[PDB]
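Residue-level structure breakdown
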Amino acid sequence: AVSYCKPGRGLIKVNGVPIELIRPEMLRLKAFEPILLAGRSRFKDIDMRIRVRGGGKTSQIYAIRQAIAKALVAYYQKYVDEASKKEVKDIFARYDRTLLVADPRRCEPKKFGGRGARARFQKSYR
Amino acid sequence: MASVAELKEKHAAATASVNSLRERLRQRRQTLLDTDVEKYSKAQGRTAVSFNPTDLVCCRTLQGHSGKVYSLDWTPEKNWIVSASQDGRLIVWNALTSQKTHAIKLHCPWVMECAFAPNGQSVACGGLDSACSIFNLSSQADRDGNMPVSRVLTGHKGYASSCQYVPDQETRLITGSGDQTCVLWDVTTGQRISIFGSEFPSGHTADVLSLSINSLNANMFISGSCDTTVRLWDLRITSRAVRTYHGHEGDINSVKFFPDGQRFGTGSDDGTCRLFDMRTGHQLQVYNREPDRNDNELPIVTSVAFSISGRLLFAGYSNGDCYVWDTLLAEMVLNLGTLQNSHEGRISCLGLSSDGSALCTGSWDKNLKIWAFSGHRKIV
Amino acid sequence: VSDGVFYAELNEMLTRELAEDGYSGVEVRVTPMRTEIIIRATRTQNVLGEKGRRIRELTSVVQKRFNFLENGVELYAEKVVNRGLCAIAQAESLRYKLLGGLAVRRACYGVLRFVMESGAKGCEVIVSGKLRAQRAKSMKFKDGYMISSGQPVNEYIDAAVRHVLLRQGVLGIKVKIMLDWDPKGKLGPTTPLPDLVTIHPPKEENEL
Amino acid sequence: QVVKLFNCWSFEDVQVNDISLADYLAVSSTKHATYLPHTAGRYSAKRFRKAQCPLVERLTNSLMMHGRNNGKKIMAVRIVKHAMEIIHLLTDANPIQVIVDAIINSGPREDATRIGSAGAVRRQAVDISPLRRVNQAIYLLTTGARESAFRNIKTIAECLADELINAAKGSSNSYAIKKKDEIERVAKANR
Amino acid sequence: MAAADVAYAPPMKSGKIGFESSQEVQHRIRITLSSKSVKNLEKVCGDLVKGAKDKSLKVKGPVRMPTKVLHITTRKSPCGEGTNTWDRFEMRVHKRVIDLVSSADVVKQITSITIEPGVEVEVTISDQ
RNA sequence: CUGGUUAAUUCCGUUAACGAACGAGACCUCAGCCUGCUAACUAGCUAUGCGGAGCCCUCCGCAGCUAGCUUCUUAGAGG
């Protein structure tokens, strides 16, 4: 039927989306979105494309992300929905494109080399 | 079949033997194929009834492949054109409007090999990755191209360089590939039914960058490769690679059959394009820009395609133009020229429609144009 | 971890028995309950002696020592496949002059001067000061190519060491060699691997 | 329309009066602005206009740090956000506009580097190239708010609002304006 | 209607005994082969050979699956002493490759054992 | 020596030099190595059930190596 899954990735933690299009309700760990991430600004980073577009009822997004902190969760969640739409519609190519997509980042924590008190700020003496 | 220039003799006994054997087999073959050549098309063509106006212009301009557009092939319905680009993306387009029906993120770079299936169902392309992955086309609204029962059909040692359908689905693959070998395959199972393996002149020892399927019964197929030969392989029987021409100085980086089936245009990377007649078995025509003044950035190069009538050869070159030729007459009918107003770029592919009404050109500048002719004669 | 232990415990035991020892280097593979122990050596003779008592008593020890299972064992003789790439004899021969002396300087050049002659392309021999029983002065000399470090991981350098207890004073050491590689052909030196072609006229020729 | 930015405030209405400073104050990004937090490496090329900005990103970001110990950007984003609503309820004007008023007032025109040359140490006064203005200013506004919070029963979200409103009004009560016109006074004099 | 308790019985075949016959119907099957080496380059090549053998025998067993990683990384300022920087990670992988057959014949066991390609590869025939 | 360039006698252009080694780079390493896949399943998703829950509509749990593929996992290739 309808279920298009293009799997992004960008930071630790894994988001599989199988999306059947209806009313704008959002799930994560199969539990309601605002309430799971109650009290967060970074939660509304996600919410950005299921308002702003002029499509509200056209995406019921079913999301599961598993394993790491509160912060990480938003950036991945978002990417997927855009990428799926671009494949079908070439006119909503300017949906994917102008609303930001694609960073691995690749700057998630770095090597610890010896001597470092943290890893890279070598001792106060010697 | 191609006279060779006087070269200074060596006084070694052992070589003369070399000259002996080699020259004994090739001259004995040369006296049978050669005789059939009554005139040359150009000579005969002098007192021809004339051609009508040529009036192609870019009717519509299309865009959407991310990288450099490598390759195109038109669908038999006259309405789809595909196309594949280095980014790995494959797009099916309807050209007039230019709407995009489908897009699949396919896989490799070097995916320069998109073809349309005779049914219209499918595409194949592939390239770096060493496979061809198949894909059915559907009306479904959702459009996840990637899952709908695709399939890695093929495994080569090296990089898929060329693929083409025959007139049917059942023989969905005839390949010549970077792995060197050329191979016939059975579609569903993916087994290699037979392998054809021959030589340096002669077979292809090195990478097949193209092959093209003969037009009739499609009994044979001609391939082109780096070993500088145009070699037709007898697909139907014992598969002694059957009849060969090695006229070229340089890669025959391309090879396309006439709709008549009588000739093929050898477009090569060596600074000429040449036409070779498969039936008579000799070089019919030479396309070359002989004056020192008439030089472009690169002399003419990679790819060739035929009109439906066969009168015109529209060709892409690295230099960024098209020179349009009258095949029989030997004249240039015309120059087509496109885009930038300073600085070059490759035009890598150019492909005829199935009805013959129009052609699509893809270029490294990241744009596409479709040029068309309508009406018998000049418009209106 | 426990599978790991056995490699480490076994590796030292095979190294110590196989120390001074006037023979040539000693792999061991220990299959279920059996030890292959492969000696690459001329004086295969003293260790075997046929049937007797000899061959079993050295072995038996390893089992009862740390390892495994109600049996016997086996022993095979070999040659050696141009000596460099590993041994003992190579190491010992320079000690077997560094017994009685001989111009010390001569041995250095001389042991290097052989081996190069059988190809080797570089060889580096290195000797501890206290020559003439004065203060230390370690010596080099190295010819030809040779690297343990910088070039790629796969240059295939024989490198060892040894020791020399003279009367009055130790004379260390560390011989190094880089040649062809373990007999079957499979040369890959020092990245890049170049090669083009010459010509090309052409009508028969290429891959390359 | 449905403006976001904490889901309460617009930003394309926010006017930057200083034309020179305006061209370095990004209130608009590639599709339009937002404030939601991240980072994005564009480095530090010179002469020209040379980076994209957000004030709101710098300001929270000054807060987590200055001053001092212990806090986090999640806490810092919260304090900016609390300070912004406290600012709006005491000005009845967009708190993004009020921080722009505070930054222009707190961003000195000229500054005073200390150069040893020959047998002595001069300060001849220097440029303060506009990203440095924006910053000195934010910092002083944050350091003031930090300092006020350390020594008063006043939340710092309030103290940031308190310092920001005093700076965005030219009031020498503010640490940031008072240090700005201290810096301009030495830079103007030491010629 | 309702009342569902689900097992396997296609018939036959499951992972706990992969049923096959004869020899009084073979009631033997569960073998696990865990092959542990230092170096991958050698391992893979042996590992592939097992897969092939199963395919030949009668009933096809699955190929190599190579799972999770064992590191002991020990870094010593080697000594001087005093040595306290420019210290050392020489870091050591040991890798674990676990290859099943679907049916563990008498015939499988015996062919697989006799000619067994391990040089540095340590391979344990196992066991209920 | 010089001229230029660069973390780099790094490379080029000159030169009474023409080479050549050894360091560097290359290399094996890990970070995102991903990605469509080829490979298998720990596991994930998804399917189907069934114990219930709101009042198969919506939702949690586990069931069978039961079905298949995959971001996870994993090795390779390419990229």
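Definitions and limits used
- Residues numbered from 1 in each chain as written, not as in the entry; some residues may be left out.
- Chains lettered and ligands numbered in written order.
- Part of a larger assembly, values for the part shown.
- Heavy atoms only, no water.
- Residues with missing side-chain atoms left out of burial classes, pairs and counts.
- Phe/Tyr/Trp six-rings, centres within 6.5 Å; stacked < 30°, edge-to-face > 60°.
- Buried < 20%, exposed > 50% of the residue type's maximum accessible area, 1.4 Å probe, protein only.
- Helix = DSSP H or I, 4+ residues; strand = E, 2+ residues; numbered from the N terminus.
- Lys NZ or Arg CZ within 6 Å of the ring centre and 35° of its normal.
- Patch = residues over 30% accessible without salt bridge, like charges linked within 9 Å, V, L, I, M, F, W, Y side chains within 5 Å.
- Areas by Shrake-Rupley, 256 points an atom, 1.4 Å probe, with all protein chains shown as cover.
- Salt bridge = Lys/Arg side-chain N within 4 Å of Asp/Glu carboxyl O.
- Contact = heavy atoms within 4.5 Å.
- Nonpolar A, V, L, I, M, F, W, Y, C, P; charged D, E, K, R; others polar.
- Axes fitted to C-alpha atoms, helices over the stretch in contact; angles between N-to-C directions.
- Parallel < 35°, antiparallel > 145°, perpendicular 65-115°, else oblique.
- Pairing = 2+ DSSP bridges.
- Near = heavy atom within 4 Å.
- Polar contact = N/O pair within 3.5 Å; in protein donor to acceptor, adjacent residues only side chain to side chain.
- Expected span 1.5 Å × (residues − 1).
- 1 Å grid on protein atoms, 1.4 Å probe; cavity = no way out; pocket = protein on both sides within 12 Å on 5 of 7 lines; lining within 4 Å.
- Points joined across faces, edges and corners; volume = space filled by probe spheres on them.
- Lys, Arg positive; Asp, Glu negative; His and termini not counted.
- Left-handed = near helix turned anticlockwise from the far one by under 90°.
- Charge placed at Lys NZ, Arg CZ, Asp CG, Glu CD.

This entry lists cryo-EM as its structure determination method and reports a resolution of 34.00 Å.

Re the packing of aromatic side chains
All chains considered together, the criterion is met by 15 aromatic pairs over all chains. A ring pair is formed by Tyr70 of chain B and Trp110 of chain B, whose centres lie 5.4 Å apart and whose planes are at 45°; its orientation type is tilted. Of the residues examined, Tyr70 of chain B reaches a relative accessible area of 9% and is grouped as buried. We classify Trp110 of chain B as partly exposed; its relative accessible area is 39%. Seen from their ring centres, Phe221 of chain B and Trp233 of chain B are 6.2 Å apart, and the 5° between their planes marks the pair as stacked. Linking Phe221 of chain B in strand β14 (residues 220-225) with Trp233 of chain B in strand β15 (residues 230-234), this pair joins segments that are 12 residues apart in sequence. Given the relative accessible area of 1%, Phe221 of chain B is considered buried. Classification of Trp233 of chain B by relative accessible area gives buried; the value is 1%. An aromatic cluster is built from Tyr245, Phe257, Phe264 and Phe276 of chain B, whose rings are joined through pairwise contacts. In this structure, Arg53 of chain A is placed above the aromatic ring of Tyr95 of chain A, and the distance from its NZ or CZ to the ring centre is 5.2 Å. Residue placement shows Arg105 of chain A over the ring face of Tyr75 of chain A; its charged tip is 5.8 Å from the ring centre.

Focus on a nonpolar patch on the surface
On the surface, a cluster of nonpolar side chains totalling about 260 Å² of accessible area is made up of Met33, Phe68 and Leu69 of chain C. Following the sequence through the fold, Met33 of chain C ends up in the loop between β2 (30-31) and β3 (34-35).

Re the interface of chain B and chain A
With 15 residues of chain B at the interface, the matching set in chain A holds 10 residues. The element contributing the most residues to the side of chain B that touches chain A is strand β5 (residues 99-105) of chain B, with 5 residues. Class assignment for the residues of the side of chain B that touches chain A results in 3 nonpolar, 6 polar and 6 charged.

Side note on the packing of helix α5 (residues 95-106) of chain D against helix α6 (residues 131-150) of chain D
Residues and elements named next belong to chain D. Where α5 meets α6, the axes come as close as 8 Å, and the angle between the chain directions of the two elements is 110°. When the interaxial angle is binned, α5 and α6 end up roughly perpendicular. Seen from α5, the contacting residues are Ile99, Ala102, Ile103, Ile104 and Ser106; seen from α6, they are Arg133, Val134, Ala137, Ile138, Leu140 and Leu141. Class assignment of the residues belonging to the contact of α5 with α6 gives a composition of 9 nonpolar, 1 polar and 1 charged.

A few points about the pairing of strand β25 (residues 349-352) of chain B
All names here are of chain B. In terms of strand pairing, β25 meets strand β26 (residues 358-362) through 4 bridges, oriented antiparallel. Among the inter-strand pairings, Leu350 is bridged to a residue of β26, identified as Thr361. Where β25 folds back on β26, the antiparallel hairpin that results is connected by 5 residues, among which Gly356 adopts a positive phi of roughly 95°.

Digging into the protein's contact with RNA strand F
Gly8 and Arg9 of chain A, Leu128 of chain B together with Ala7 and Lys95 of chain E are the nearest of the 47 residues found near RNA strand F. In the interface set of RNA strand F, defined as its atoms within 4 Å of the protein, sugar plus phosphate atoms amount to 88%. Between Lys6 of chain A and RNA strand F, the recorded distance is 3.5 Å, taken from a side-chain N or O atom to a phosphate oxygen. Within the backbone of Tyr145 of chain C, a nitrogen or oxygen atom sits 3.4 Å from a phosphate oxygen of RNA strand F. Top contributing element to the surface near RNA strand F by residue count: strand β2 (residues 65-73) of chain E, with 3 residues. Counted by class, the surface near RNA strand F contains 26 nonpolar, 9 polar and 12 charged residues.

Details of α5 of chain D
Residue and element names in this part refer to chain D. Under the 1.5 Å per step criterion, the end-to-end length of α5 is 16 Å for 12 residues, consistent within 8% with the ideal 16 Å. For α5, the full list of buried residues reads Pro95, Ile96, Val98, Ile99, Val100, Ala102, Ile103 and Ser106. Contacts made by the buried residues of α5 are with α1 (5-8), α3 (55-65), α4 (73-91), α6, α7 (156-167) and α8 (175-189).

As for empty space enclosed by the protein
In this structure, the largest cavity encloses a volume near 150 Å³. Forming the boundary of the largest cavity are 14 residues, of which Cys322, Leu336, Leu350, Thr361 and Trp371 of chain B lie nearest the centre. The biggest single contributor to the lining of the largest cavity is β26 of chain B, with 3 residues. Residues belonging to the lining of the largest cavity are distributed by class as follows: 9 nonpolar, 4 polar and 1 charged. Approximately 130 Å³ is the volume attributed to the second largest cavity. Lining the second largest cavity are 14 residues, with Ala26, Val27, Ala33, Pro54 and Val56 of chain D positioned closest to its centre. Of the residues assigned to the lining of the second largest cavity, the class counts are 11 nonpolar, 3 polar and no charged.

Section: the side chain of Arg65 of chain A
All names here are of chain A. By the secondary structure assignment, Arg65 is in strand β4 (residues 65-66). Put simply, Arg65 is tucked away with no salt bridge, and the nearest opposite charge, on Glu108, sits 7.3 Å away. Here the side chain of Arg65 touches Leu11 through a polar contact of 3.3 Å, landing on its backbone oxygen. There is a polar contact of 3.4 Å between the side chain of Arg65 and the backbone oxygen of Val73.

Overview of the packing of α4 of chain D against α7 of chain D
Working note: a packed helix pair is described by the angle between its axes plus the distance between those axes. Residue and element names in this part refer to chain D. One can describe the packing of α4 onto α7 by two numbers: an axis separation of 8 Å at closest approach and a directional angle of 50°. Judged on the interaxial angle alone, α7 and α4 are oblique. The hand of the α4/α7 crossing is right-handed. Where α4 abuts α7, its residues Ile79, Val80, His82, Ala83, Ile86, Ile87, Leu90 and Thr91 lie against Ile156, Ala157, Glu158, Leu160, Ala161, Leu164 and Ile165. For the contact of α4 with α7, the residue count by class is 12 nonpolar, 2 polar and 1 charged.

Let's talk about a positive patch on the surface
Residue and element names in this part refer to chain A. A cluster of basic residues, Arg106, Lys110, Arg118 and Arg120, forms a positive patch at the surface. Along the polypeptide, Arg118 turns up in the segment after α4 (93-96). By relative accessible area, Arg118 is classed as exposed at 64%.

Points about the environment of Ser162 of chain B
Residues and elements named next belong to chain B. Note that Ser162 resides in strand β9 (residues 162-164). Once the C-alpha coordinates of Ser162 and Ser133 are considered, the two residues, 29 residues apart in sequence, prove to be 13 Å apart. If sequence neighbours within four positions are ignored, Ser162 has contacts with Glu113, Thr175, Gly176, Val208, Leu209, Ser210 and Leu211.

Comments concerning the side chain of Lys78 of chain A
Note that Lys78 of chain A resides in helix α3 (residues 73-88). When near neighbours in sequence (up to four residues on either side) are disregarded, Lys78 of chain A contacts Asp45, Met48 and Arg49 of chain A.

A short note on the pairing of strand β4 (residues 89-94) of chain B
Residue and element names in this part refer to chain B. Counting buried positions along β4 yields 5 of 6 residues, so the element is predominantly enclosed. Pairing of strand β3 (residues 81-85) with β4 involves 4 bridges; the strand directions are antiparallel. Across the sheet, residue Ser83 finds its bridge partner in β4, namely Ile91. Between β3 and β4, which pair antiparallel and follow one another directly, the connecting turn spans 3 residues, one of which, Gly88, has a positive phi of 105°. Pairing geometry for β4 and β5, over 6 bridges, is antiparallel. Bridge pairing links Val92 to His102 in β5.

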